[PDB]
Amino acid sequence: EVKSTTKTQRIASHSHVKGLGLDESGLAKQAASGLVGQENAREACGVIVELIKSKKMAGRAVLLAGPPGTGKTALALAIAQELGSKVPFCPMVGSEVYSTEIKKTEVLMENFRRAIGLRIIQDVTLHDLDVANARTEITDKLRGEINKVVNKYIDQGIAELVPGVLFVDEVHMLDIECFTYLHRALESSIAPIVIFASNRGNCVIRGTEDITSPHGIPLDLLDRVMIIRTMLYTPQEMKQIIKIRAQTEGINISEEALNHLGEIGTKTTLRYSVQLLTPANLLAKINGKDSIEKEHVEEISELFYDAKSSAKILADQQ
């Protein structure tokens, strides 16, 4: 019957990402499958895709190391797209584990279950099955029931297990104990492909206080990790992505406005620029305008701020 637990608000910004856009050989195209530029990282993800498909990602994980708004998430989603469409993708933030009412293990177990799917053609994730049985609370006793049901369906041949992609952003935020929980899960046969993301260099491993390691990841886990670098976009790659977003969302934008919106990206991040589209559109609609023009973008960019510049304003006043 299915219900789909999927947190759509997350993947909403990447509605346009349909794959890696690589050619027959494995080289990236300037713009293809929704992706613009970032050719080298895309080509590297291509190898990761073939290694997952060739069962050669034996206990290995991935780290996309790059500045914010360089498509680390977009690439992790494209990896899931390339694994076959209807392969689970579970994006999460390292800080999610820190909750007062929910245990670290429970945040992680849910996100892992959200990243492993089933093909019955009905496409369900292990977490959708957990809520279906609950709609008291998702106990580990309820998990044991589903696991026995699922394992009998596989052996019979009615359903097949599809392990997806678990994307963990702000990796430096996970504590030593969480990494131990991931590493152990990463050793399993039916595990998803864990994809980390970092814009930081050497960090103290959370829970150690003294111990600095690359990206804040314990060396034991980091030895099993494959690093892919994502880089900053030029104002043109920027403009191209913004144009795709505008098109996707069904927003009309003048090339002049888009050029200015691209250079705002260079000054701030691509994420900031993309986010200005909605307010800029509403301002145009208020002004009784069909499309977003340069004035609208300029006005929105003046009224609203980016965390860096808004914090700077404060420090300067201080």
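One rule holds for the numbers: they count along the sequence shown, beginning at 1.
**Student:** Answer with none, 1 to 3, 4 to 9, or 10 or more: how many deposited residues between residue 120 and residue 121 are not present in the coordinates.
**Tutor:** In the record, 4 to 9 residues between residue 120 and residue 121 lack coordinates.
**Student:** Counting only residues from the deposited sequence, how many are left out of the model between residue 141 and residue 142 (none, 1 to 3, 4 to 9, 10 or more)?
**Tutor:** The entry leaves nothing out here.
**Student:** For the higher mean C-alpha B factor in the entry, choose 147-155 or 106-114.
**Tutor:** Mean CA B-factor is higher for 147-155.
**Student:** Select between 309-317 and 2-10 the stretch whose C-alpha atoms have the higher average B-factor in the entry.
**Tutor:** Looking at the recorded C-alpha B-factors, 2-10 comes out higher on average.
**Student:** Kindly indicate the residue among 72, 245, 127, 172 with the greatest C-alpha B-factor in the PDB record.
**Tutor:** Each of 72, 245, 127, 172 was compared by C-alpha B-factor; the highest is 127.
**Student:** Can you tell me which of 204, 178, 92, 190 has the maximum CA B-factor listed in the PDB entry?
**Tutor:** Max CA B-factor in the entry, restricted to 204, 178, 92, 190: 190.
**Student:** According to the PDB entry, is the CA B factor of residue 214 in the bottom, middle or top third of its chain, that is, lowest, middle or highest?
**Tutor:** It belongs to the lowest third of the chain when residues are ordered by C-alpha B-factor.
**Student:** What third of its chain's C-alpha B-factors does residue 250 belong to: lowest, middle or highest?
**Tutor:** It falls in the middle third of the chain.
**Student:** By its CA B factor, does residue 226 count among the lowest, middle or highest third of the modelled residues in the chain?
**Tutor:** Residue 226: CA B-factor falls in the middle third of its chain.
**Student:** Would you check the entry's CA temperature factor for residue 234 and let me know if it's in the chain's lowest, middle or highest third?
**Tutor:** Within its chain, residue 234 is a middle-third residue by C-alpha B-factor, going by the deposited values.
**Student:** Taking only the Cα B-factors deposited for this chain, tell me whether residue 281 sits in the lowest, middle or highest third.
**Tutor:** Middle third of the chain for residue 281's C-alpha B-factor.
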